[PDB]
Amino acid sequence: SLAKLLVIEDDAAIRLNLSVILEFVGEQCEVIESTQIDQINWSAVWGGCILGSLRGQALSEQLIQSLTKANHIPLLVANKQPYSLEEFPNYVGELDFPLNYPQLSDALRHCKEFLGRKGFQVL
């Protein structure tokens, strides 16, 4: 991935966990809490958006609006969540816990491939 990964995760320990591991596999990321979605340029080309645990156990209407408009961003879910992303056409799958290199690499690969179909890059 050329572009940073967006990470939206309301658990501090998992923000740390995801940040350390993504950096480890050579990715850059912007890690925020769900109350910070206004701080994100959703129109730009991101390497992907990883959604994790969210306050209220659900997608806020604001995040829904953002995820809907930003259909060019491939979406991953980190761990099993009470919410679902099936409605989103840019949803590309889930990251299994505990995280491991082969499964994470596949997930990030699916993000790259998605971006490729959208016309954004070639590896």
Side-chain angles (χ1 to χ4, degrees), residues 1-122:
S1 292
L2 191 63
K4 300 177 192 152
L5 290 170
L6 175 58
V7 177
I8 305 176
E9 166 65 57
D10 284 344
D11 184 297
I14 296 297
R15 283 196 295 277
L16 180 56
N17 192 11
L18 289 175
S19 180
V20 170
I21 286 174
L22 288 176
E23 176 184 49
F24 173 68
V25 299
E27 296 297 325
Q28 291 177 3
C29 58
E30 199 66 67
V31 180
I32 56 158
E33 304 175 39
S34 63
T35 56
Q36 292 172 293
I37 55 177
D38 286 344
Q39 303 179 12
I40 301 306
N41 178 10
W42 291 98
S43 299
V45 176
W46 297 82
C49 181
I50 298 174
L51 296 176
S53 62
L54 304 174
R55 270 184 247 274
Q57 298 165 85
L59 301 184
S60 67
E61 273 280 333
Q62 208 198 335
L63 181 55
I64 290 172
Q65 290 293 43
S66 291
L67 294 177
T68 304
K69 296 180 182 179
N71 52 56
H72 61 287
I73 304 177
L75 265 39
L76 288 174
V77 187
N79 218 335
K80 332 228 65 148
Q81 305 293 338
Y83 60 83
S84 130
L85 260 48
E86 307 196 334
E87 67 178 270
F88 297 103
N90 48 326
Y91 171 69
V92 296
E94 87 173 22
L95 278 180
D96 300 335
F97 279 72
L99 268 34
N100 61 89
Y101 181 80
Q103 199 279 333
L104 175 65
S105 294
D106 286 356
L108 292 177
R109 194 176 66 221
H110 293 157
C111 289
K112 290 188 191 72
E113 290 158 352
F114 176 87
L115 287 172
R117 269 125 44 201
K118 289 284 184 173
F120 297 134
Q121 57 179 45
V122 38

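Quick note: residue numbers are just sequence positions, from 1.
Cluster annotation: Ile50 is not connected to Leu6 through the hydrophobic network of ILVMFWY side chains, with a link wherever side-chain heavy atoms come within less than 4.5 Å. By the rule that hydrophobic residues join a cluster once side-chain heavy atoms approach within less than 4.5 Å of another member, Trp46 and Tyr91 end up as members of one cluster. Hydrophobic clustering keeps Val20 apart from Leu99 (ILVMFWY residues linked when any side-chain heavy atoms are closer than 4.5 Å, directly or through intermediates).
Distance check, rounded to the nearest 0.5 Å: CD of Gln28 to OG of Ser19 gives 11.0 Å. Atom CG of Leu54 is separated from atom CG of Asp11 by 11.0 Å, given to the nearest 0.5 angstrom. To the nearest 0.5 Å, atoms CD1 (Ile21) and CD1 (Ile14) are separated by 8.5 Å. Note that the CZ atom of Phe88 and the CD1 atom of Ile73 stand 11.5 Å from one another [nearest 0.5 Å]. Residue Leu16 holds its CG atom at 11.0 Å from CD of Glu9, rounded to the nearest 0.5 Å. Atom CG of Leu67 and atom CG of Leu75 lie 5.0 Å apart (nearest 0.5 Å).
Judged by distance alone, with hydrogens and angles left aside, the side-chain atoms of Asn79 form no donor-acceptor pair with the main-chain N or O of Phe97 at under 3.5 Å. Formation of a donor-acceptor pair under 3.5 Å by the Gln121 side chain with backbone atoms of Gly116 is not found in this model. Judged purely by atom type and a 3.5 angstrom limit, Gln103 has no side-chain atom pairing as donor or acceptor with the backbone of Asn100.
Partner of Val92 under the side-chain contact (heavy atoms from CB on, under 4.5 Å) criterion, out of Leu108, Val77, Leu85, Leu76: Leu76 alone.
Residues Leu104 and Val25 form a side-chain contact, since some pair of their non-hydrogen atoms from C-beta on lies under 4.5 Å apart.
Summarising the geometry of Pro74 relative to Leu115, their closest heavy-atom pair is CD-CD2, 3.7 Å, with the distance given to 0.1 Å. Nearest heavy-atom pair, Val45 versus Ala3, reported as atom, atom and distance to 0.1 Å: O-CB, 3.2 Å. Closest of all the heavy-atom pairs between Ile8 and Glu33 is CG2-C, 4.2 Å. The two atoms that bring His72 and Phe120 nearest to each other are CB-CE1, 4.0 Å, heavy atoms only. Closest heavy-atom contact between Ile32 and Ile40: CD1-CG1, 3.6 Å. Of all non-hydrogen atoms in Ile37 and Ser60, the two that sit nearest each other are CD1-OG, 4.4 Å.
Open room surrounds CG on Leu2; 12 or fewer heavy atoms of other groups in view lie less than 6.0 Å from it. More than 12 non-hydrogen atoms from other residues, nucleotides or ligands lie less than 6.0 angstrom from CD of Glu87.
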Would you please test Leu51 and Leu59 for side-chain contact (heavy atoms from CB on, under 4.5 Å) and show each step? CA-CA 10 Å; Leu51 296 176; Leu59 301 184; 4.3 Å; yes

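Using a 4.0 Å cut-off between charged nitrogen and carboxylate oxygen, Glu113 and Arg109 count as a salt-bridge pair.
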